[PDB]
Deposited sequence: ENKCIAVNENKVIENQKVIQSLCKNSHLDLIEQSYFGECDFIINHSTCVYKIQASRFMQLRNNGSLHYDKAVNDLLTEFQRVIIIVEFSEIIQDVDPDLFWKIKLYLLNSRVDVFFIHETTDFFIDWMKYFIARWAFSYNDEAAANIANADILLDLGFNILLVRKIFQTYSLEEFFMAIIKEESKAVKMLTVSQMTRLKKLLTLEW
């Protein structure tokens, strides 16, 4: 019984201290994926962790949106559970107390978990250990589904139950067990693949 989670390649350099502490657990298996999203970790097939900075939340982008709008919205497109971890400083806490409830209402969503942490790395490590204990799972044409944008943990769970043909058959016949593993966009992407004519 060894659980497994993923780390985004673009975020490995920052979370190196977190990775060192998490991997001291002998049962944890850590794989790295060049996932396009901004999430720091992937917990299971449809759960991710995205760490953001409270003082950056109200930073205006050039297109008028806030700093984290596009990144959070792209995570909701691909994950059924998005865990948002907000690092806040004592400086921004004493200066702007209104920001803390504004963020929880701004990000308020039945698919978004929001937890505030101090800036120290130990807080993020202890939240990760809690996420791994609760959500992480235990554990071939994987490249077809990876090129569809599916995460490595999702393609692992798929091939735990199906071959690539059987998974298409289940998706074609709209079997809920295969369907309830994907989001809406992931389902319509797999249908577009199965419906384009040659």
| property | result |
| --- | --- |
| Coordinate gaps, deposited numbering | 140 to 147 |
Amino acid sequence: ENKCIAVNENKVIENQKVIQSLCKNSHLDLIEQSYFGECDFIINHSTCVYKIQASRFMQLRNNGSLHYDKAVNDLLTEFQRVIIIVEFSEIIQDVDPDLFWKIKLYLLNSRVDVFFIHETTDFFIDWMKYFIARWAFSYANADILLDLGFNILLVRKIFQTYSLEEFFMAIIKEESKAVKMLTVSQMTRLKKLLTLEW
From here on, numbers count along this sequence of modelled residues.
{"property": "Mean Cα B-factor comparison, 30 to 38 or 46 to 54, giving the higher one as deposited", "result": "30 to 38"}
{"property": "Mean Cα B-factor comparison, 20 to 28 or 185 to 193, giving the higher one as deposited", "result": "20 to 28"}
{"property": "Selection from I91, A71, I117, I83 [criterion: highest C-alpha temperature factor in the record]", "result": "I91"}
{"property": "CA B-factor ranking of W135, expressed as a third of its chain", "result": "highest"}
{"property": "Third of the chain's Cα B-factor distribution that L107 belongs to, per the entry", "result": "lowest"}
{"property": "Ranked against its chain, the third holding the CA B-factor of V95", "result": "highest"}
